[PDB]
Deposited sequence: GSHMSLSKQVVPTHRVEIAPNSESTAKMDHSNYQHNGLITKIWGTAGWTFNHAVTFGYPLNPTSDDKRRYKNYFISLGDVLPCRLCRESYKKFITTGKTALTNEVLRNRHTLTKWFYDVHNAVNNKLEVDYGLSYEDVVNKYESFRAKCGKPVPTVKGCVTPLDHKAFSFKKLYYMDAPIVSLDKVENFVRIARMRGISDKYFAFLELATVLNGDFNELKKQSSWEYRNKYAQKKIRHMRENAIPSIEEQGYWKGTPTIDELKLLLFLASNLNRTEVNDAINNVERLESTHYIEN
């Protein structure tokens, strides 16, 4: 019939293909360059989703995401290129994670086989944490503040605003938030939540009732951690619905 659900195969697709680029030689040979290029070209033919194939092809033939011999120069250039392609897809989907190229380098380099000290167990322990540790998507603080009132009105208790309070103090600056020890907790919390909703078919936007059009309680809890399942357009749309409800409420009482 159709292709496969993007949220099922997507992450494995990225993790594996980013790993492929970090397995590229520091000094490829004309042969290596040709072998990898052809691989990445063929990748565009097999992604199990038509639209995905089209966007990817478009991306690899324009701008800085263009697959060219300069990209294939070395490991740095190849890994930087795929990092950019990944950003290109994120932007297309209007979702952000706030990861710098350096972040991606520190992550995948910890995967590098270090047959020193077969790789030692304490070294792999570190690698595995980096593999299992998921980076949840980010939403700017100015967007989230539009949901605080309704979150309170719907009964979400005080403990759920803790992280938001920390973020406010740091002016919603992600580069600073990422340096906080609690950033690790933020990601683990958001991940369990996102998984909880996915596994229990919990929608992000209220389908019926008075709250129709605004975030569900679980989605609100995610937003309070500057995370969300919604993309930029969907968040702004949710904000507009929340304000329709607040405005109309004010005028009737």
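Comparing the deposited sequence with the modelled residues shows gaps at 1-34, 152-159, with numbering starting at 1.
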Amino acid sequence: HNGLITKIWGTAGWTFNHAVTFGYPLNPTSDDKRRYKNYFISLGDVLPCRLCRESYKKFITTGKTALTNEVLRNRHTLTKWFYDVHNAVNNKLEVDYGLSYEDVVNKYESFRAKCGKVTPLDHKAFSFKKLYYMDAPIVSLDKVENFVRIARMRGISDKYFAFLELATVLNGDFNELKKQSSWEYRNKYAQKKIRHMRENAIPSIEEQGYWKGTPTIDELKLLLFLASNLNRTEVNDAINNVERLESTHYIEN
From here on, numbers count along this sequence of modelled residues.
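Look at the C-alpha B-factors of 70-78 and of 141-149. On average they run higher in 70-78. Comparing 91-99 with 154-162, the stretch with the higher mean C-alpha B-factor in the PDB entry is 154-162. The deposited CA B-factor of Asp31 belongs to the highest third of values across its chain.
In the deposited entry, the Cα temperature factor of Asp135 places it in the middle third of its chain's modelled residues. The entry lists a Cα temperature factor for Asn187 that places it in the lowest third of the chain's modelled residues.
Remark: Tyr56 belongs to the lowest third of its chain, ranked by C-alpha B-factor as recorded.
In the PDB entry, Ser42 places in the middle third of its chain by CA B-factor.
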